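A short worksheet on the structure shown next.
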Amino acid sequence: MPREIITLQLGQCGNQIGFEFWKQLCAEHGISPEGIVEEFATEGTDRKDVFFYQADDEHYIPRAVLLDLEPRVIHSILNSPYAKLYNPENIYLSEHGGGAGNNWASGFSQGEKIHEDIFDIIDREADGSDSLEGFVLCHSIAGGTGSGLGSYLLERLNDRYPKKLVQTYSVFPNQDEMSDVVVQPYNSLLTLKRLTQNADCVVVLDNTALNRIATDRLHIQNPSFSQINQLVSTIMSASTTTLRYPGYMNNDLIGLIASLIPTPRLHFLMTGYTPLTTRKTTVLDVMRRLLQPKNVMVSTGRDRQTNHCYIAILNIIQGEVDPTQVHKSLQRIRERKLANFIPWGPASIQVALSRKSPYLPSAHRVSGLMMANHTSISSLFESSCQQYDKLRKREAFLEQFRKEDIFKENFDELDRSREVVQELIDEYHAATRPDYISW
Amino acid sequence: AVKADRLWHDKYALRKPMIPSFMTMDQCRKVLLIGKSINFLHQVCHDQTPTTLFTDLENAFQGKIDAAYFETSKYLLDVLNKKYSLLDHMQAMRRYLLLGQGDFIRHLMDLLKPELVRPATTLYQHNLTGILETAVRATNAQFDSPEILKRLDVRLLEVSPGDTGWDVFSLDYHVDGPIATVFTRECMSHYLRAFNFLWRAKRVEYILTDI
Amino acid sequence: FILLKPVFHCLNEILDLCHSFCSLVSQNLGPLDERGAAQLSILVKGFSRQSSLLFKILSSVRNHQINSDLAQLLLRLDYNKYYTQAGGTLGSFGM
Amino acid sequence: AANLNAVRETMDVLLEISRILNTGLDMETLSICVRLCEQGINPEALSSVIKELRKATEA
Amino acid sequence: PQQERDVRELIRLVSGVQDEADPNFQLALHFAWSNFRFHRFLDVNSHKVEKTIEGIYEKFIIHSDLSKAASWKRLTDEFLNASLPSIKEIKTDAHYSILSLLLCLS
């Protein structure tokens, strides 16, 4: 059976990026903004029964749900002409005002309040499908509303249905600047602890490098959140491309994630895509540019004295290519030794050939999206942990977590989150060395 | 002796000691191919299409030979690739018999897991054919040509005496007559062997994924 | 399926068994007597034998090529494979 | 003699392959089975008896 | 008599028990003779034996050993065409029964 994936749009930023993703999918499949089939959408090979369910009137209704604690973003999305894409049953209107004030505690408590008011919808969307491969959760860890809500919902779903793939699209706040919500790192830390406890494969989405590419690779003096969301939706929708080609390999998300993840705690994957533009390329150019630390969407700290090993390297290559090109590109990159692997469990650089949809306007021969399990992100975690630690050193803005009595009773939840993150970072450090078998 | 399968060497043999001094080996091969194509078209394709230096060797003899050869061959190629057989059949066995589908094969082995675990003796192709057809209706193969769909067929291919049904399961994809006169029921044997090889490989892959 | 001798013979046998069962029921207007019970037991024995025969002739070959209509017939009999549930026969249940 | 040797080799290979596949047999038991089949004993019953005997011997 | 003695000797050889007063030995001999008496209505089909041989040949072909299958076929043909001090004819029902027994044993 064709397993589906359910989309969870949370928070202002998560809802925005989820809409961007869904519009990108609609563009790829070639369907009308109402979700009705077109003369150039159904005559191809792309399988549109993976994220959209076919109706009885050729309506590929998206397998997505809209949740928020403030209805204004919901109304704005409704104003879009892609409101006809979704069913109203697929949409829940916020019964809360002002979101959760961007507080992890507030969002978590409100998600606890709406336990079944979301559970009913999720169960309806689930049992409406034969089999589901897993879940996809678009969210922003910066937004405390969505952060707490997602933590609650991840707990609930992991408890109730321990039989699906748990994926979240965690918007990582900018390290380029400090936001007015100074307790944002703790919220993120709590969310990160939940991810460590619950999530299975994390595609990290740092806003700092997004800003950097936008300023440089999109050439804007002041990037806007909307254009950033547009570009990130484009780059993330490029991921599922292999899933849309049922002609080469099984290519199931569960297996693809499992082909790289060593442990359910070490489930964090980088991102990197080419081309980025506001010409002529061969296979060897693809990974050759990917090796450059210029097209990564995930940045790390200022660390240069600690070796970092790319635990797993994979690349999806969308475009018309030749098998000899891939065969030689792999050997050539390996001989140039532009990568590393664990000495005890040494691995290789997996490739995924795929071809472009005819309904996708093509202006380039190839397009590459990298998936790397790597150690640099620990620095970012450290960057957060330090940001947490000093904040926890300052013991500032804890009244936000004293509004909700759950944290007013004890801040030991933050301490346990910090401990778990430290354990994970030490796990990464050990993974850098052959002794990881002992750890 | 006459046949409809092997009629690429059947009832048309080249006689070595019966060639004129003005008749050459390549000319003989070309004329044999042209005549065999005409015979196949009129007999196995059941299509009736009209075929319109002095010395004693000439040069227009060879020119006529070549022109008629290219006419006959091109016409028969068009006939065979347009009606009856199609290139899409090879693409079809590429998609299906070469495990290009994936989801088709994935769900196929998903449904076979509850069955092929049972002993090979305890199995019933009666239910296996229904499994096949319902999976095809489930998957994208339902969106493909019904001719290739009818060309498919599941078989119970004896592999183990009383072992698991994973071994004895097979597909046959019967194709006969002027449709895919080729493969002589000797290349399809190799195709079946490769199918078994890839089937075992994919099964153990899915085992690893499940683990 | 008259052109197939075995299946035709089995169909005739089952027709005769149905007639005999109806006649036996006709014998007792009320509940069957002891003789009615004994003849019902004999008929049930024959029915189980013939049901095994009909299953196995339906299972004459289910590993190589066979008529498609016969396959459809068996599947109609195997709406939930009650025969496999029934052990490949009908009438195997105690008196 | 030569035909006897050829038959012995053939039945040895058959028994080896039967051992490889599911059970196989030994020389004495295979000769007993051959004599019984030559005497009209149903091979199915003999095979079932051999399987039962091997099962009992195993445990 | 002779068949009963042969069956008893085969049982003794297989079970490794030479005792004939053992109740298990008596049960085995009774079961063997009951099977022989009961399966007198089932015979050996030469076509069925050939089909089973072809299935075994297909199994061997899958096993990627053509020489073994060719030797099997040649030896079975010779056996069907062989002569014995008790079977002096070729391709008789005794040969088919022996082949069916061998195929059942494999």
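As a convention, Cβ positions derive from the backbone with ideal geometry for all residues, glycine included, and neighbour counts pool all protein chains shown. Laboratory data are not the source of any read-out in this text; all were calculated from the coordinates shown.
How about region C:23-42: which of its residues are of a type in the set (A, V, I, L, M), assigned to a loop (DSSP other than H, G, I, E, B) and surrounded by 11 or more Cβ atoms within 10 Å (Cβ to Cβ)?
The one that is of a type in the set (A, V, I, L, M), assigned to a loop (DSSP other than H, G, I, E, B) and surrounded by 11 or more Cβ atoms within 10 Å (Cβ to Cβ): C:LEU32.
Identify, please: which residue in region B:39-57 is aliphatic (A, V, I, L, M) and out of contact with any helix residue (DSSP H, G or I) (no Cβ under 6 Å at 6 or more places or on another chain) and is, among those, surrounded by the most Cβ atoms within 10 Å (Cβ to Cβ)?
Only one residue tops the list, namely B:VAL44.
In the set B:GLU147, B:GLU158, B:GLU133, B:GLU115, which member is within 14 Å of chain C (Cβ to nearest Cβ), farther than 19 Å from A:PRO2 by Cβ and part of a helix (DSSP H, G or I)?
So the residue among B:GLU147, B:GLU158, B:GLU133, B:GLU115 that is within 14 Å of chain C (Cβ to nearest Cβ), farther than 19 Å from A:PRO2 by Cβ and part of a helix (DSSP H, G or I) is B:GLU115.
When you go through (1) within 14 Å of chain B (Cβ to nearest Cβ); (2) of a type in the set (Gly, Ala, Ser); (3) assigned to a loop (DSSP other than H, G, I, E, B) one by one for A:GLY255, which number turns out not to apply?
(3)
Check off (1) among the β-branched types (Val, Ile, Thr); (2) closer than 30 Å to A:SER129 by Cβ; (3) within 14 Å of chain C (Cβ to nearest Cβ) for B:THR122 and give me the number that stays unchecked.
(2)
I want to confirm something. Restricting to region A:42-59 and keeping residues that are under 13 Å from A:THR241 (Cα atoms) and in contact with a strand residue (DSSP E or B) (Cβ under 7 Å, 6 or more places away or on another chain), which single residue is surrounded by the most Cβ atoms within 10 Å (Cβ to Cβ)?
As a first pass, look at region A:42-59 and keep what is under 13 Å from A:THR241 (Cα atoms): A:45-48, A:50-51.
Cutting the leftovers down to in contact with a strand residue (DSSP E or B) (Cβ under 7 Å, 6 or more places away or on another chain) gives us A:48, A:50-51.
Details: A:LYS48: 20, A:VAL50: 20, A:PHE51: 25.
Step by step, filter region A:42-59, then rank; the result is A:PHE51.
Listed residues A:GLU419, A:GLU413, A:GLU423; which is touching a helix residue (DSSP H, G or I) at 6+ places or on another chain (Cβ under 7 Å) and among the charged types (D, E, K, R)?
A:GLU413
Looking at B:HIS89 and the list (1) part of a loop (DSSP other than H, G, I, E, B); (2) crowded, with 17+ Cβ neighbours inside 10 Å, which single condition is not satisfied?
Answer for B:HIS89: the failing condition is (1).
Before we move on, is A:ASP123 surrounded by fewer than 17 Cβ atoms within 10 Å (Cβ to Cβ) and farther than 30 Å from A:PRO185 by Cα?
yes
Pairs only if they're at least six apart or on different chains, beta carbon under 6 angstrom, first in region E:81-95 and charged (D, E, K, R), second part of a helix (DSSP H, G or I); list them, first residue then second.
These pairs meet every condition: E:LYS91/E:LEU80.
With respect to B:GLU186, determine if the residue is within 14 Å of chain C (Cβ to nearest Cβ) and closer than 30 Å to B:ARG6 by Cβ.
Judged against the criteria, B:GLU186 is not a match.
Can you confirm whether A:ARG212 is assigned to a helix (DSSP H, G or I) and within 25 Å of A:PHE51 (Cα to Cα)? Outline the logic, then answer.
On the way: assigned to a helix (DSSP H, G or I): yes; within 25 Å of A:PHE51 (Cα to Cα): no.
Answer is no for this residue.
Which of the residues belonging to region D:4-39 are outside any helix (DSSP H, G or I) and facing chain E (nearest Cβ under 7 Å)?
D:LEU25, D:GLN39
Of all the residues that make up region A:42-82, how many are within 23 Å of the chain's Cα centre (by Cα) and either closer than 16 Å to B:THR139 by Cα or among the aliphatic types (A, V, I, L, M) (or both)?
17
If you scan region E:25-50, which residues turn out to be more than 9 Å from chain D (Cβ to nearest Cβ), among the polar types (S, T, N, Q) and closer than 20 Å to D:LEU53 by Cα?
E:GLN26
As an exercise: evaluate B:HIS174 against (1) assigned to a helix (DSSP H, G or I); (2) within 25 Å of C:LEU70 (Cβ to Cβ) and give the number of the one condition it does not meet.
Checking B:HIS174 against (1) assigned to a helix (DSSP H, G or I); (2) within 25 Å of C:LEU70 (Cβ to Cβ), the one that fails is (1).
Restricting the search to region A:313-331, which residues are among the charged types (D, E, K, R) and within 24 Å of A:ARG244 (Cβ to Cβ)?
Here is the first cut: in region A:313-331, the ones among the charged types (D, E, K, R) are A:320, A:322, A:328.
Of everything in region A:313-331, those that are among the charged types (D, E, K, R) and within 24 Å of A:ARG244 (Cβ to Cβ) turn out to be A:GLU320, A:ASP322.
Give the residue, chosen from C:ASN28, C:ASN63, C:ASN67, that is touching a strand residue (DSSP E or B) at 6+ places or on another chain (Cβ under 6 Å) and of a type outside the set (A, V, I, L, M). Show your work before the answer.
Details: C:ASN28 fails: touching a strand residue (DSSP E or B) at 6+ places or on another chain (Cβ under 6 Å); C:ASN67 fails: touching a strand residue (DSSP E or B) at 6+ places or on another chain (Cβ under 6 Å).
Matching residue, one of C:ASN28, C:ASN63, C:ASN67: C:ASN63.
Report, by residue number, each residue of region D:46-59 that is within 7 Å of chain E (Cβ to nearest Cβ) and either of a type in the set (D, E, K, R) or surrounded by fewer than 20 Cβ atoms within 10 Å (Cβ to Cβ) (or both).
D:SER47, D:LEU53
Return yes or no: is E:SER106 within 12 Å of chain D (Cβ to nearest Cβ), surrounded by 15 or more Cβ atoms within 10 Å (Cβ to Cβ), more than 24 Å from B:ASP163 (Cβ to Cβ) and polar (S, T, N, Q)? Working first, answer last.
Working: within 12 Å of chain D (Cβ to nearest Cβ): yes; surrounded by 15 or more Cβ atoms within 10 Å (Cβ to Cβ): yes; more than 24 Å from B:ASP163 (Cβ to Cβ): no; polar (S, T, N, Q): yes.
No, not satisfied.
Restricting to region C:60-74, and then to whatever is surrounded by 15 or more Cβ atoms within 10 Å (Cβ to Cβ) and aliphatic (A, V, I, L, M), can you tell me which residue is farthest from E:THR52 (Cα to Cα)?
Looking at residues that are surrounded by 15 or more Cβ atoms within 10 Å (Cβ to Cβ) and aliphatic (A, V, I, L, M), I get C:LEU73.
Can you name the condition, by its number, that B:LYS113 falls short on among (1) under 22 Å from B:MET188 (Cα atoms); (2) surrounded by fewer than 16 Cβ atoms within 10 Å (Cβ to Cβ)?
Failing condition for B:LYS113: (1).
I'm trying to understand the selection: among the residues of region E:52-98, which are acidic (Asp, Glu), assigned to a helix (DSSP H, G or I) and away from chain D (no Cβ under 11 Å)?
Listed by number, the residues that qualify are E:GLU54, E:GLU58.
Just one of (1) out of contact with any strand residue (DSSP E or B) (no Cβ under 8 Å at 6 or more places or on another chain); (2) within 14 Å of chain A (Cβ to nearest Cβ) trips up B:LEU41, so point out which.
Condition (2) is where B:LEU41 drops out.
For A:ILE6, are the conditions met, namely being part of a helix (DSSP H, G or I), more than 14 Å from chain B (Cβ to nearest Cβ) and in contact with a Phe, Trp or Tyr (Cβ under 8 Å, 6 or more places away or on another chain)?
no
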